[PDB]
Amino acid sequence: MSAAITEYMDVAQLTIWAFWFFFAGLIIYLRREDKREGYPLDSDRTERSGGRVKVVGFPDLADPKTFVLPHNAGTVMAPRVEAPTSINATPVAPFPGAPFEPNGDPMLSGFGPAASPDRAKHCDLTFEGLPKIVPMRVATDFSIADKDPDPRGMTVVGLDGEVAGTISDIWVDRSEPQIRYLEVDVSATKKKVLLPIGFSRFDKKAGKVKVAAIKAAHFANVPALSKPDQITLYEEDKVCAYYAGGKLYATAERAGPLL
Amino acid sequence: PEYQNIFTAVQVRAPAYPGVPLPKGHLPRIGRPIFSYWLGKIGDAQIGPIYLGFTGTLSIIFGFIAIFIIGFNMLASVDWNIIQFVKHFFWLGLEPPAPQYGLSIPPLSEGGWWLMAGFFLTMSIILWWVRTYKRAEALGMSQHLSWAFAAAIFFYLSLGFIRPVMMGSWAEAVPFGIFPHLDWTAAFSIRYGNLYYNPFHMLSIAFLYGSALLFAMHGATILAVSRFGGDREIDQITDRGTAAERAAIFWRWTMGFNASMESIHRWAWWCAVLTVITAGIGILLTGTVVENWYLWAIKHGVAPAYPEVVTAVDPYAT
Amino acid sequence: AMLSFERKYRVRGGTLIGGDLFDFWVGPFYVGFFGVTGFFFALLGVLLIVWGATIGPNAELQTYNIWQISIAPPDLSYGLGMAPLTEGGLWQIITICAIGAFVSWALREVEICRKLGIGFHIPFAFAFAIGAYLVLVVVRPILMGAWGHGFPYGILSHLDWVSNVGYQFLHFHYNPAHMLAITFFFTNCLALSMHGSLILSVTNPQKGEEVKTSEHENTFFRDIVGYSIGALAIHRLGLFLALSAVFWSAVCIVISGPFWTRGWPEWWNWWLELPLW
Amino acid sequence: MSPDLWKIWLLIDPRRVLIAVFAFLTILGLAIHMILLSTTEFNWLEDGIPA
Amino acid sequence: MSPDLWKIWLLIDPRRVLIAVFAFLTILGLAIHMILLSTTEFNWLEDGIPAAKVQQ
Amino acid sequence: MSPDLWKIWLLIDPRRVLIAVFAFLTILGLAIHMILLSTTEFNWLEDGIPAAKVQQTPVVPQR
Amino acid sequence: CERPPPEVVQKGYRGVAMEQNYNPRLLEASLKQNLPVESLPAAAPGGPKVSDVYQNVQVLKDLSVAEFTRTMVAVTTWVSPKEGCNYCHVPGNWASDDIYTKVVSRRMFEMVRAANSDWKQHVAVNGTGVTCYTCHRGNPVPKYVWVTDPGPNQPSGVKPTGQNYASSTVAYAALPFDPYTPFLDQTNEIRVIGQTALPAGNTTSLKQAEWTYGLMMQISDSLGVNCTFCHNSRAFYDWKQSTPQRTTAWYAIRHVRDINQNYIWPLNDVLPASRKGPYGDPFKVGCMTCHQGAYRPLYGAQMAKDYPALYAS
Amino acid sequence: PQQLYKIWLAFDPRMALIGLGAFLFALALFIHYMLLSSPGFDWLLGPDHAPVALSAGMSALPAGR
Ligand code: BCL
Ligand code: BCL
Ligand SMILES: CC[C@H]1c2cc3[nH]c4c(c3C)C(=O)[C@H](C(=O)OC)c4c3nc(cc4[nH]c(cc(n2)[C@@H]1C)c(C(C)=O)c4C)[C@@H](C)[C@@H]3CCC(=O)OC/C=C(\C)CCC[C@H](C)CCC[C@H](C)CCCC(C)C
Ligand SMILES: CC[C@H]1c2cc3[nH]c4c(c3C)C(=O)[C@H](C(=O)OC)c4c3nc(cc4[nH]c(cc(n2)[C@@H]1C)c(C(C)=O)c4C)[C@@H](C)[C@@H]3CCC(=O)OC/C=C(\C)CCC[C@H](C)CCC[C@H](C)CCCC(C)C
Ligand SMILES: COC(C)(C)C/C=C/C(C)=C/C=C/C(C)=C/C=C/C(C)=C/C=C\C=C(C)\C=C\C=C(C)\C=C\C=C(C)\C=C\CC(C)(C)OC
Ligand code: HEC
Ligand SMILES: [Ca+2]
Ligand SMILES: [Ca+2]
Ligand SMILES: [Ca+2]
Ligand SMILES: [Fe+3]
Ligand SMILES: [Mg+2]
């Protein structure tokens with residue numbers, strides 16, 4: 001029982017080698033956990049082989065893991081199969097790794113920055129089973145903090161500083177009190193559209209809302225809700241993606257380059 | 001320019017939330033919650049309530065006794081002069097017994113108070129660990145947090161208790177002070193030959209830098225996709241939306257591989273824990289199986305060599 | 001190659017420089033113009049590091065051991081001028097190549113996030129680490145007066161540089177900005193451990209139980225410490241701590257030598273010489 | 001001093017004033033006793049009197 | 001100096017100024033006493049006057 | 001200065017300038033008094049004037 | 001706070017970062033405090049001898065009268081210029097020894113002549129030399145002496161630790177603040193680091209490394225340098241990687257121990273009580289007594305070579 | 001240049017004045033600091049700057065390789 005195993009080896013060397021073995025095992029485990037979403041990959045190697053060679057890399061995938069959702073919403077497998085889709089674009093060039101062109105009208109195309117998957121068509125729920133994101137017209141116990149603007153009646157201006165409507169209601173979150181959406185009453189179609197907070201800037205001096213994503217004339221194509229009191233995971237994603245597409249498709253100068 | 005979601009522009013007030021009901025046989029939560037406006041610009045503007053059981057009361061008592069002993073000895077070291085106590089506060093400390101006692105109990109002024117303070121502080125830390133385990137299990141959750149706290153406690157006990165017992169003396173332990181314990185940290189490296197050459201020290205530093213890198217990347221990633229609802233990570237884990245897809249695709253295009261919304265939080269968990277695990281080993285090997293880390297590195301061909309441009313004559317080798 | 005849900009996002013445009021000239025993907029990577037520039041800067045830097053290892057400090061101390069390979073900066077007698085290739089100019093060329101590669105990487109990230117339609121938090125955060133490196137090898141050598149104040153490029157030799165620079169001030173723990181940076185680093189590690197633990201605990205409950213909701217996350221930390229910060233605020237705080245650590249470390253290293261040339265404990269004398277005591 | 005000083009108590013909360021003055025007086029007494037203990041002339045325990 | 005200075009209480013809240021004055025005066029008294037005790041000339045306890053019954 | 005200077009208060013309110021000035025002059029006076037106390041030429045307490053009448057034992061000449 | 005740039009002296013291999021940094025303004029101010037004194041003109045060589053005109057000459061027995069009086073005139077300037085010659089000599093004559101100052105100075109002469117002949121591996125590398133002015137600088141009592149420090153007052157039943165207290169003797173660190181007694185007066189081991197990769201019977205505690213650290217802080221404060229002036233910090237124990245000044249420091253420690261044990265302590269009987277510490281020991285010599293913040297006394301000004309009465313032969 | 005007034009048709013003057021003032025102030029600070037560092041143009045040393053002369057074989061800085 002000493003510190004020298006041989007003429008060259010000692011304890012502090014064996015300990016570091018044992019750590020390296022454990023670290024290799026841990027890295028394999030973490031990389032296997034990383035591969036529960038989006039694998040097996042979609043490449044030319046699979047389709048040339050007639051759907052025979054599946055590209056997963058190393059290490060391969062794990063056995064499916066089960067999540068059970070509350071209030072009897074169902075069960076979801078962490079590694080699952082999903083239906084291959086047909087995109088709304090067309091390749092710019094036939095060589096591999098080439099970009100695609102957003103066929104049609106880019107805002108109303110569902111491709112690029114204006115793209116989204118199809119989530120479940122049910123509202124997110126609280127711990128008691130109520131809808132989670134609701135307007136303040138039904139969450140009456142809520143209130144605006146003191147010494148704060150209360151953005152009701154504020155005019156919303158578009159990308160070019162042209163007014164596109166006014167705020168009508170505020171959609172809040174019952175579980176965590178914060179604002180998730182603004183409701184804009186568009187004065188071009190007599191309709192009401194939702195606007196995420198992440199795409200709006202509060203000019204509290206002059207009482208304005210700035211939307212730098214889309215222009216004033218684009219507020220007429222925002223996807224609408226099914227019922228005026230609640231929203232689903234599908235519609236929220238669609239609404240956010242429509243505004244996100246304007247970060248590239250709004251004007252002719254936003255595609256680049258600088259030089 | 002564009003809203004970066006760093007501060008909350010407009011706040012909304014709802015009534016206080018007592019919390020998820022606890023099962024039978026639990027005490028009620030104490031305190032009435034209140035709201036802070038300035039605290040609500042960066043996070044949640046609600047403070048309280050708190051749960052205090054029996055383990056939580058015992059932890060408080062033990063810890064306050066330990067801290068009172070430490071403070072009383074710091075005050076006694078300046079002969080009861082409170083002004084001089086304020087002047088020298090960062091330099092004062094309570095320090096371990098002398099090396100001529102081994103693992104015995106010295107008088108109070110010569111290291112008994114240090115032993116009592118260490119025992120009581122260790123008891124409070126253990127009781128707080130039990131409290132965290134019990135609160136995790138009361139709500140039906142798992143026990144990851146208690147495992148991470150157990151790793152931290154393992155490093156703490158290696159630093160203060162296990163290594164001195166292995167070396168056979170209490171003088172190897174760290175003092176209770178601000179500048180005193182930094183002095184201990186410097187002297188430990190000097191005595192055992194340049195701790196930079198300890199390979200577990202190298203691994204621990206790598207994991208600390210990695211924790212900082214991982215938290216910066218994850219925070220920036222979640223803040224960048226929060227316009228799509230990305231901050232609600234549980235929903236994205238159980239139902240993948242555009243936030244998770246864009247976050248994965250960004251990193252896949254940047255560095256060739258990516259993680260998942262669920263999987264990244266594992267990379268976060270293991271990176272931090274391995275910071276302290278490799279730390280606790282690194283000092284248990286020091287002084288027990290390795291005497292000089294620089295000479296150990298030279299023996300294993302790790303230390304670099306430089307041209308001889310300055311040198312000294314050895315007066316012990318004449 | 002492509003994830004099973006990635007083909008919807010490979011759109012044309014959003015480039016900063018180049019347009020359609022370099023707008024393509026190479027395997028999983030997106031390259032662009034800055035991809036080309038950064039890749040070839042990195043390639044030349046690697047090849048020059050390998051050649052510097054091949055030459056070695058001498059013909060006798062040259063070795064291919066990875067722990068012992070070191071490329072060193074010039075002497076302090078050259079000032080801010082350009083040194084001969086064998087006497088420290090290779091270090092300067094490699095430093096230029098490294099700076100070019102880092103800036104190219106950041107600009108490629110900017111292009112990628114313009115393409116995906118997301119915010120610019122990630123390149124902004126990377127710029128802090130780039131700035132810390134630039135303070136290490138550019139700002140401090142110019143303020144001091146010579147390129148020889150930079151650190152050598154080697155796995156074990158730059159540790160020797162850190163140790164000797166630290167002992168030039170006799171006790172580096174008493175540097176105040178150093179204390180602030182260390183506090184931020186430790187706090188960041190603690191916060192990361194807690195965030196990971198809570199998310200995993202909620203997502204992986206006890207056996208025969210359903211996935212926990214958002215209320216449980218807040219209740220847990222209100223019952224442990226009496227306060228909960230929220231889902232978005234924990235990421236805010238993590239980014240803030242991780243960037244503050246680096247900012248204060250850069251401050252701590254740029255004041256050692258240029259703005260203070262004595263021992264670091266002595267700096268505290270202003271507190272000990274107050275007339276109150 | 002004018003007799004109408006009793007109007008102070010409708011300007012500041014009596015409970016907070018009571019607790020603040022109690023805490024301040026206790027802290028002041030402790031501080032003065034310790035400062036006296038730190039000296040050589042006024043340390044009644046180590047003065048050696050009576051021997 | 002001015003027969004109209006009593007308007008000052010129409011601007012600054014008296015309840016705040018009372019607290020900000022009492023606290024400031026207490027802190028100032030403590031600081032001045034500490035400054036005096038930090039000198040060898042005005043330290044009334046360790047000056048050796050009158051006499052010294054204890055040995056040091 | 002100009003007779004029409006009194007218009008300055010149409011831009012700055014009395015409360016936020018009165019508080020600032022009153023919280024500023026006190027700090028300036030404290031800082032100046034401390035600076036003078038720090039020097040050996042303008043320290044009125046330890047200047048030795050007038051006389052000492054305080055006796056000032058072996059000493060430690062390292063400090 | 002200071003403003004750049006500093007003056008830098010490189011000591012090691014490039015990239016190893018063994019350098020000295022000086023603030024030019026601080027350097028000029030420090031230089032203003034260490035100027036030398038212009039020497040007296042040389043004496044006429046020849047004439048009457050010392051051993052034939054003086055009675056109680058014991059140390060300077062082998063000089064000439066002109067050189068003897070020149071040496072007396074110079075040491076009047078070096079030590080006691082204000083009081084003159086009555087400081088050492090009783091008024092009325094010169095052969096009497098009824099005053100302690102003359103005896104102390106007679107011992108000091110032997111100390112200086114021993115320093116200039118027996119310790120040339122310390123004080124004669126560049127021929128700087130040691131004179132009475134090196135320590136006194138015109139003052140009867142040197143400005144940088146030390147005694148055994150008792151530390152801050154403690155309660156009657158509390159055992160002192162000797163540390164955890166801000167002190168300028170260790171450059172304002174929380175290290176043991178009295179490194180003089182165990183090292184510069186007594187003879188304790190300074191080495192704490194082992195010289196094998198694996199344990200073999202080296203039971204030095206961790207608390208002794210702090211005492212060594214305190215002594216090194218005092219040494220570097222006395223010389224106005226940093227650690228890398230003598231060391232390479234990756235191996236403090238390694239003499240092969242150190243600088244030539246480390247050997248000089250090694251000899252200087254022994255020189256100071258010799259001075260304290262053999263020249264200062266035996267004088268403790270005849271010195272007045274105003275020259276002693278609270279423990280009853282006299283004022284003693286350290287690294288600060290001669291260097292006074294410079295890497296050489298007076299930055300290496302050479303004034304000892306002009307006076308041949310300060311050499312043993 | 002003849003028709004330079006068209007340069008204000010592309011750049012907003014309100015931002016241009018802010019940028020110009022900030023840049024000019026930064027340039028002035030940098031140049032003053034550079035002069036303060038230089039050993040020839042340092043007016044803080046005083047008009048009567050007389051560095052200490054070395055009477056004997058003394059050197060302010062230690063020798064280095
Ligand atoms: C005796 C020595 C002194 C000491 C002397 C010094 C000196 C000297 C320095 C520090 C610095 C640090 N010290 Mg210290 N320090 C000491 C003791 C400590 C202790 C301790 C427990 O005692 C701790 C925790 C620390 C901690 C710290 C940190 C605050 C800081 C290092 C982090 C940093 O700068 O990030 C900065 C991060 C970077 C620079 C990363 C840059 C990476 C970029 C992005 C480039 C890309 C990398 C790569 C090329 C990518 C490709 C790689 C692969 C191919 C994929 N020190 C002792 C007392 N310390 C350093 C500092 O503050 O620097 C600013 C510093 O210079
Ligand atoms: C040279 C050093 C001298 C010395 C010279 C002086 C001089 C000169 C002065 C003091 C003053 C004070 N000294 Mg002294 N002082 C010495 C030694 C001491 C010792 C001691 C342990 O030996 C103590 C405990 C004190 C304590 C005190 C306080 C009583 C007082 C400062 C009070 C304060 O902080 O107001 C801050 C708090 C407030 C102002 C709150 C406001 C009070 C209210 C609103 C107004 C008064 C109402 C009152 C509370 C109740 C009714 C009182 C009526 C007016 C009768 N001195 C030594 C001997 N001392 C000052 C004094 O006399 O104050 C009265 C003063 O001018
Ligand atoms: C993964 C490794 C990292 C880590 C992890 C970690 N730390 C943890 C945990 C985990 C997983 C916990 O679960 C636990 C916790 O509770 O977190 C919220 C904790 C914790 N880490 C802590 C500290 C901590 N962690 C550190 C580091 C790290 N922790 C690592 C970097 C450090 C450093 C770097 O030094 C510190 C200081 C605690 C805040 C907490 C555990 C607290 C605990 O156990 O306390 C027990 C004792 C008491 C409560 C005594 C109290 C007695 C009286 C109340 C005193 C009265 C006087 C009072 C102090 C006066 C002042 C006024 C007061 C009102 C403040
Ligand atoms: C500022 C907060 C923290 C942070 C953040 C951060 N780092 C980042 C990012 C962010 C946000 C990225 O987006 C970016 C990334 O892509 O991450 C995956 C990155 C990154 N941070 C990295 C590393 C890294 N970060 C570190 C630190 C930190 N990064 C901070 C703690 C460290 C430390 C502490 O040492 C390292 C090593 C990379 C993995 C990656 C950037 C990759 C990159 O720039 O690639 C381009 C360059 C090359 C591929 C080759 C360069 C060619 C050179 C010739 C190499 C040698 C240069 C060197 C000067 C010589 C050798 C040095 C010796 C010491 C060996
Ligand atoms: C108003 O406030 C009052 C006056 C009441 C109290 C104030 C107190 C103050 C101001 C306290 C300040 C405290 C400070 C600054 C503390 C600093 C502490 C630090 C930095 C500590 C850092 C490290 C210390 C460590 C790691 C010590 C670890 C020791 C351990 C683990 C020892 C365990 C020992 C055991 C279990 C011994 C058992 C032996 C037996 C049981 C026999 O002992 C009795
Ligand atoms: C050059 C040859 C001389 C002469 C003529 C003297 N000294 Fe020194 N000296 C030194 C120390 C530490 C002391 C003790 C402190 C003290 O007593 O003041 C002395 C003391 C003296 C005295 C006695 C003065 C007195 O207090 O009455 C005298 C007369 C005296 N010295 C003369 C230190 C040193 C040195 C440092 C190593 C050197 C060199 C000298 N002295 C040289 C001389
Ligand atoms: Ca008594
Ligand atoms: Ca008195
Ligand atoms: Ca006076
Ligand atoms: Fe997260
Ligand atoms: Mg200590």
# chains A, B, ... in the order shown; residues from 1 in each chain; ligands from 1
>>> residues_around(residues="region 11-28 of chain D", least_positions_apart="3", cutoff="10 Å", atoms="only C-alpha atoms", output="list in words")
residues 6, 7, 8, 31, 32, 33 and 34 of chain D; 14, 15, 16, 18 and 19 of chain E
>>> interface_residues(of="chain B", to="chain G", cutoff="8 Å", atoms="only C-alpha atoms", output="PDB file with C-alpha atoms, in the first residue's frame")
ATOM      1  CA  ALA B  76     -11.864  39.224  20.635  1.00  0.00           C
ATOM      2  CA  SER B  77      -8.839  39.326  18.323  1.00  0.00           C
ATOM      3  CA  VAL B  78      -8.880  43.163  18.456  1.00  0.00           C
ATOM      4  CA  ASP B  79      -9.466  43.434  22.242  1.00  0.00           C
ATOM      5  CA  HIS B  88      -9.693  45.549  10.128  1.00  0.00           C
ATOM      6  CA  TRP B  91      -8.181  41.016   7.592  1.00  0.00           C
ATOM      7  CA  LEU B  92      -9.554  39.327  10.733  1.00  0.00           C
ATOM      8  CA  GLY B  93     -10.172  35.607  11.013  1.00  0.00           C
ATOM      9  CA  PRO B  99       0.389  21.811  13.974  1.00  0.00           C
ATOM     10  CA  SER B 109      -7.930  30.274  22.417  1.00  0.00           C
ATOM     11  CA  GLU B 110      -5.695  27.820  20.517  1.00  0.00           C
ATOM     12  CA  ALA B 171      -3.396  22.741  10.874  1.00  0.00           C
ATOM     13  CA  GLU B 172      -3.998  21.712   7.239  1.00  0.00           C
ATOM     14  CA  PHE B 179      -8.227  37.640   3.442  1.00  0.00           C
ATOM     15  CA  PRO B 180      -7.062  34.756   5.698  1.00  0.00           C
ATOM     16  CA  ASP B 183      -3.790  33.507   2.128  1.00  0.00           C
ATOM     17  CA  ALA B 187       0.115  29.054   0.639  1.00  0.00           C
ATOM     18  CA  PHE B 188      -1.409  25.704  -0.357  1.00  0.00           C
ATOM     19  CA  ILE B 190       3.231  27.412  -2.858  1.00  0.00           C
ATOM     20  CA  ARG B 191       3.834  24.525  -0.439  1.00  0.00           C
ATOM     21  CA  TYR B 192       2.950  21.728  -2.888  1.00  0.00           C
ATOM     22  CA  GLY B 193       4.840  23.003  -5.929  1.00  0.00           C
ATOM     23  CA  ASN B 194       2.716  25.036  -8.343  1.00  0.00           C
ATOM     24  CA  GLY B 287       0.154  15.668  -0.056  1.00  0.00           C
ATOM     25  CA  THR B 288      -1.017  12.038   0.109  1.00  0.00           C
ATOM     26  CA  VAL B 289       0.364  10.479  -3.099  1.00  0.00           C
ATOM     27  CA  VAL B 290       2.063  13.484  -4.770  1.00  0.00           C
ATOM     28  CA  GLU B 291       4.609  15.717  -3.026  1.00  0.00           C
ATOM     29  CA  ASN B 292       5.575  18.203  -5.775  1.00  0.00           C
ATOM     30  CA  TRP B 293       3.354  18.644  -8.827  1.00  0.00           C
ATOM     31  CA  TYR B 294       6.042  20.337 -10.919  1.00  0.00           C
ATOM     32  CA  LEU B 295       8.416  17.406 -10.412  1.00  0.00           C
ATOM     33  CA  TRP B 296       5.563  14.986 -11.096  1.00  0.00           C
ATOM     34  CA  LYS B 299       8.582  12.927 -14.527  1.00  0.00           C
ATOM     35  CA  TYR B 306      13.289  26.759 -21.920  1.00  0.00           C
ATOM     36  CA  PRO B 307      16.718  27.879 -23.142  1.00  0.00           C
ATOM     37  CA  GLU B 308      19.107  28.587 -20.269  1.00  0.00           C
ATOM     38  CA  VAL B 309      19.596  32.361 -20.326  1.00  0.00           C
ATOM     39  CA  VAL B 310      19.574  33.076 -16.555  1.00  0.00           C
ATOM     40  CA  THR B 311      20.853  30.803 -13.789  1.00  0.00           C
ATOM     41  CA  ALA B 312      22.091  30.801 -10.201  1.00  0.00           C
ATOM     42  CA  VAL B 313      24.805  29.014  -8.234  1.00  0.00           C
ATOM     43  CA  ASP B 314      23.513  26.738  -5.477  1.00  0.00           C
ATOM     44  CA  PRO B 315      25.115  27.591  -2.095  1.00  0.00           C
TER      45      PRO B 315
END
>>> residues_near_ligand(ligand="ligand 1", cutoff="8 Å", atoms="only C-alpha atoms and all ligand atoms", output="PyMOL selection string")
(chain B and resi 182+185-186+209) or (chain C and resi 98+102+126+129-130+132-133+135-136+161-167+171-173+178-182+185-186+245-254)
>>> write_last_selection(atoms="C-alpha atoms", output="mmCIF file, in the first residue's frame")
data_model
loop_
_atom_site.group_PDB
_atom_site.id
_atom_site.type_symbol
_atom_site.label_atom_id
_atom_site.label_comp_id
_atom_site.auth_asym_id
_atom_site.auth_seq_id
_atom_site.Cartn_x
_atom_site.Cartn_y
_atom_site.Cartn_z
ATOM 1 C CA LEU B 182 -7.151 33.687 0.329
ATOM 2 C CA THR B 185 -5.274 29.320 -0.910
ATOM 3 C CA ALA B 186 -1.973 30.919 -1.951
ATOM 4 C CA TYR B 209 -14.791 27.969 -18.178
ATOM 5 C CA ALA C 98 -6.361 34.434 -35.078
ATOM 6 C CA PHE C 102 -12.511 35.225 -34.784
ATOM 7 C CA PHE C 126 -19.269 36.353 -28.445
ATOM 8 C CA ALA C 129 -14.795 37.018 -25.355
ATOM 9 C CA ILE C 130 -13.215 38.474 -28.490
ATOM 10 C CA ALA C 132 -11.078 39.955 -23.686
ATOM 11 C CA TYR C 133 -8.620 38.261 -26.055
ATOM 12 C CA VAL C 135 -7.208 43.228 -24.352
ATOM 13 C CA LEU C 136 -4.852 40.335 -23.587
ATOM 14 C CA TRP C 161 3.093 33.214 -18.262
ATOM 15 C CA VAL C 162 -0.033 33.573 -16.102
ATOM 16 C CA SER C 163 1.857 32.490 -12.970
ATOM 17 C CA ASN C 164 4.779 34.884 -13.469
ATOM 18 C CA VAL C 165 2.501 37.811 -14.329
ATOM 19 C CA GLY C 166 0.500 37.058 -11.191
ATOM 20 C CA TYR C 167 3.580 37.019 -8.976
ATOM 21 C CA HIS C 171 -0.213 38.773 -4.109
ATOM 22 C CA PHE C 172 -2.753 38.769 -6.922
ATOM 23 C CA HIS C 173 -5.738 37.759 -4.754
ATOM 24 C CA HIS C 178 -10.214 40.133 -9.626
ATOM 25 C CA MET C 179 -12.451 39.492 -6.602
ATOM 26 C CA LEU C 180 -15.494 40.839 -8.458
ATOM 27 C CA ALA C 181 -14.821 38.637 -11.494
ATOM 28 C CA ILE C 182 -14.331 35.536 -9.332
ATOM 29 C CA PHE C 185 -17.866 33.187 -12.072
ATOM 30 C CA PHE C 186 -18.824 31.211 -8.959
ATOM 31 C CA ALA C 245 -17.435 37.933 -15.193
ATOM 32 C CA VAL C 246 -15.559 38.509 -18.465
ATOM 33 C CA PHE C 247 -15.925 42.301 -18.346
ATOM 34 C CA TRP C 248 -14.468 42.513 -14.847
ATOM 35 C CA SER C 249 -11.672 40.068 -15.697
ATOM 36 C CA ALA C 250 -10.688 42.304 -18.620
ATOM 37 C CA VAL C 251 -10.730 45.317 -16.287
ATOM 38 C CA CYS C 252 -8.620 43.439 -13.715
ATOM 39 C CA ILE C 253 -5.932 42.474 -16.221
ATOM 40 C CA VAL C 254 -5.774 45.866 -17.958
#
>>> interface_residues(of="chain D", to="chain G", cutoff="10 Å", atoms="only C-alpha atoms", output="list in words")
residues 37, 38, 39, 45 and 46 of chain D
>>> residues_around(residues="residue 15 (chain F)", least_positions_apart="2", cutoff="8 Å", atoms="only C-alpha atoms", output="MDAnalysis selection string")
(chainID E and resid 11:12) or (chainID F and resid 13 17:19)
>>> write_last_selection(atoms="C-alpha atoms", output="PDB file, in the first residue's frame")
ATOM      1  CA  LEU E  11     -42.482  71.519  -2.229  1.00  0.00           C
ATOM      2  CA  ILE E  12     -40.530  68.945  -0.169  1.00  0.00           C
TER       3      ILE E  12
ATOM      4  CA  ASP F  13     -38.664  71.744 -11.314  1.00  0.00           C
ATOM      5  CA  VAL F  17     -32.846  70.683  -8.020  1.00  0.00           C
ATOM      6  CA  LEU F  18     -33.273  71.611  -4.354  1.00  0.00           C
ATOM      7  CA  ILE F  19     -32.758  67.992  -3.291  1.00  0.00           C
TER       8      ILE F  19
END
>>> interface_residues(of="chain B", to="chain C", cutoff="7 Å", atoms="only C-alpha atoms", output="PyMOL selection string")
chain B and resi 6+19-20+42-44+47-51+83+87+132+140-145+182+211-212+215-217+219-222+224-225+231-232+250+252-256+265-266+268-269+272+302-304
>>> closest_residue(among="E:41, E:13, E:46, E:4", to="chain D", atoms="only C-alpha atoms")
E:46
>>> select_by_dssp(residues="region 174-312 of chain B", states="helix (DSSP H, G or I)", output="ChimeraX atom specification")
/B:178-191,195-197,199-224,226-228,233-238,242-255,264-284,293-299
>>> select_by_dssp(residues="region 32-254 of chain B", states="strand (DSSP E or B)", output="list in words")
residues 34, 47, 50, 93, 94, 176 and 177 of chain B
>>> decode(residues="region 211-215 of chain B", atoms="N, CA, C and O atoms", output="mmCIF file, in the first residue's frame")
data_model
loop_
_atom_site.group_PDB
_atom_site.id
_atom_site.type_symbol
_atom_site.label_atom_id
_atom_site.label_comp_id
_atom_site.auth_asym_id
_atom_site.auth_seq_id
_atom_site.Cartn_x
_atom_site.Cartn_y
_atom_site.Cartn_z
ATOM 1 N N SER B 211 -18.723 25.969 -17.982
ATOM 2 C CA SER B 211 -19.986 26.410 -17.402
ATOM 3 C C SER B 211 -20.301 27.843 -17.797
ATOM 4 O O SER B 211 -21.445 28.160 -18.148
ATOM 5 N N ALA B 212 -19.302 28.726 -17.741
ATOM 6 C CA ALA B 212 -19.546 30.103 -18.164
ATOM 7 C C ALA B 212 -19.927 30.177 -19.639
ATOM 8 O O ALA B 212 -20.881 30.878 -20.002
ATOM 9 N N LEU B 213 -19.218 29.431 -20.488
ATOM 10 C CA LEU B 213 -19.520 29.406 -21.915
ATOM 11 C C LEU B 213 -20.921 28.857 -22.182
ATOM 12 O O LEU B 213 -21.675 29.420 -22.985
ATOM 13 N N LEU B 214 -21.288 27.762 -21.513
ATOM 14 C CA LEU B 214 -22.591 27.148 -21.736
ATOM 15 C C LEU B 214 -23.728 28.046 -21.272
ATOM 16 O O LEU B 214 -24.748 28.155 -21.955
ATOM 17 N N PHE B 215 -23.589 28.682 -20.109
ATOM 18 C CA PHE B 215 -24.633 29.599 -19.679
ATOM 19 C C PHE B 215 -24.762 30.809 -20.589
ATOM 20 O O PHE B 215 -25.891 31.208 -20.892
#
